[PDB]
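Following: one structure in structure tokens, then a few remarks.
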Amino acid sequence: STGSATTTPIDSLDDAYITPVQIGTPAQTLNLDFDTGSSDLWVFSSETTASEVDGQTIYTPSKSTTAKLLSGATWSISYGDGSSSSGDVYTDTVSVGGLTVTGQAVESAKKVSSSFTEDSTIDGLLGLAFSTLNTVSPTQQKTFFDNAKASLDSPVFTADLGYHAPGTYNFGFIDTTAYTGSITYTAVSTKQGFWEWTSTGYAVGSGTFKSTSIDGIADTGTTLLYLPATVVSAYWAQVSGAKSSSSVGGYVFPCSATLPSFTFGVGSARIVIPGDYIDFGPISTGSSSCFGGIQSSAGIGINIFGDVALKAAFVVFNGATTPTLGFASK
């Protein structure tokens, strides 16, 4: 089997991407944030504290003839940005782009933190990291991909995120028309439950490539590119007037600037992030200070190849017995 679904930016900045997901019978379609950095499929629901729902579409398990309460199971998750959610668990039929999994754990939120409430466009998350990170207790549950894997034509999914435009998540096949040149594959460590890999270096603009190992995670659920302070300082030094602002929470730059590109290495291959992908617009409405899309990972504890990086590539998440990651230009 295979599946193919379009993923759409939630706003003009590509702050996140939503993908429609069918849950239950008859189908209830929710727009979920596909997140290769976590492993829970959770949704706003009829059980979510009413004051914490503000415009989201909810899953109502009582209206699904295939929903079954997973007795005694609860979940609770906290994300790198300080947001969180928790609740109980159903199993139900879940389909993405024509690919169907029966008996998928659908984690129903009883509580969500303010950042989720305040984002009306995201109805929940669909985790695509390794199932070892799944938070369901006392019986850990499998991700949608893990459940689908054996049925797929090939045990892979691909992320093809757009810049200020829709893109695609495919399951079970590689669309050879969706990228240019070749796909370069690179090793993955699953030790921390992430799609963790080592970039071979970077360049800023038309500058020379610096060969240096940068361990980090391919994370579709993180907006920005978080890299070591040395790398990030080297990038922003090429933008007149750019500076790190503790009050704002990262590097800012004059909105009048033209940003240089940023290149990262994948083995001997190179992925070029155009400068415009690094512009996250005014820090507040009407400001001439703009927020940068490359930020320091210092104090995150891990480097994160988030959407800023991934959207410059066609990315293969290869879930073979020994997983690997593939990157192509597009």
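Positions of Cβ are generated from backbone atoms using ideal geometry, with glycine treated the same way; all protein chains shown enter the neighbour counts. A short reminder: the numbers here are calculations on the coordinates, not readings from a lab.
Could you let me know the centre-to-centre spacing of the stretch 95-142 and the stretch 281-322, using Cα atoms, in angstrom? Cα centroid of the stretch 95-142 versus Cα centroid of the stretch 281-322: 22 Å apart.
In this rough spin-label picture, where each label sits 7 Å from Cα along the Cβ direction, the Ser151-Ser62 distance is 2.9 nm.
Count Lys and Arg as plus one, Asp and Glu as minus one, and take only other residues whose Cβ is under 11 Å from that of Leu70; the net charge is then -2.
If I stretch the segment between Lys191 and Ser51 completely, what's the gain in nm (0.36 nm per residue apart, minus their alpha carbon distance), one decimal?
46.6 nm
Once you reduce the stretch 1-19 and the stretch 211-257 to the center of their Cα atoms, the two points are 24 Å from each other. Here the Karplus relation 6.51 cos²θ - 1.76 cosθ + 1.60, evaluated at θ = phi - 60°, turns the backbone of the stretch 237-244 into coupling constants of 4, 8, 10, 4, x, 6, 7, 8 Hz, with x for every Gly and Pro. Each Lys and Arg adds +1 at its Cβ and each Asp and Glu adds -1 at its Cβ; summed about the Cα centre, the stretch 175-330 shows a dipole of about 220 debye.
Based on the reciprocal of the average 1/r between different C-alpha atoms, the Kirkwood radius for the chain equals 20.3 Å. Stokes-Einstein, applied to the Kirkwood radius of the stretch 5-174 over Cα pairs at a viscosity of 1.306 mPa s and 10 °C, places its translational diffusion at 100 µm² s⁻¹. For the chain, the residue among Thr168, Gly286, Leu227 whose Cα projects farthest onto the positive side of the dipole built from Cβ charges is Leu227. Taken about its Cα centre, the chain carries a charge dipole of about 640 debye when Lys and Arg each add +1 at the Cβ and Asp and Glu each add -1 at the Cβ. In the chain, helices alone account for a calculated mean residue ellipticity at 222 nm of -1500 deg cm²/dmol, with every DSSP H run of four or more residues adding -39,500 (n - 2.57).
For the ranges 39-45, 76-82, what's the packing order if you count other beta-carbon atoms within 10 Å of each residue, average per peptide, and put the highest first? Can you show the working numbers first?
Details: 39-45: 27.3, 76-82: 14.4.
Per-residue Cβ counts within 10 Å, averaged per peptide and sorted highest first, yield 39-45, 76-82.
Placing +1 on the Cβ of every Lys and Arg and -1 on the Cβ of every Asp and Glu, with no other charges, gives the stretch 12-61 a dipole of roughly 240 debye about its Cα centre. Each peptide in 51-57, 106-112 was scored by the mean count of other Cβ atoms within 10 Å over its residues; highest first, the order is 106-112, 51-57.
When the pairs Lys63/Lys142; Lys63/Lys111; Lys110/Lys311 are compared against a 30 Å limit on Cα-Cα distance, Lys110/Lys311 fall above it. Percent of alpha carbon pairs in the stretch 175-330 separated by more than 28 Å? Here the long-distance tail beyond 28 Å is 19 percent of all Cα pairs in the stretch 175-330. Under the criterion of Cα pairs below 8 Å and six or more residues apart, the relative contact order for the chain equals 19 percent.
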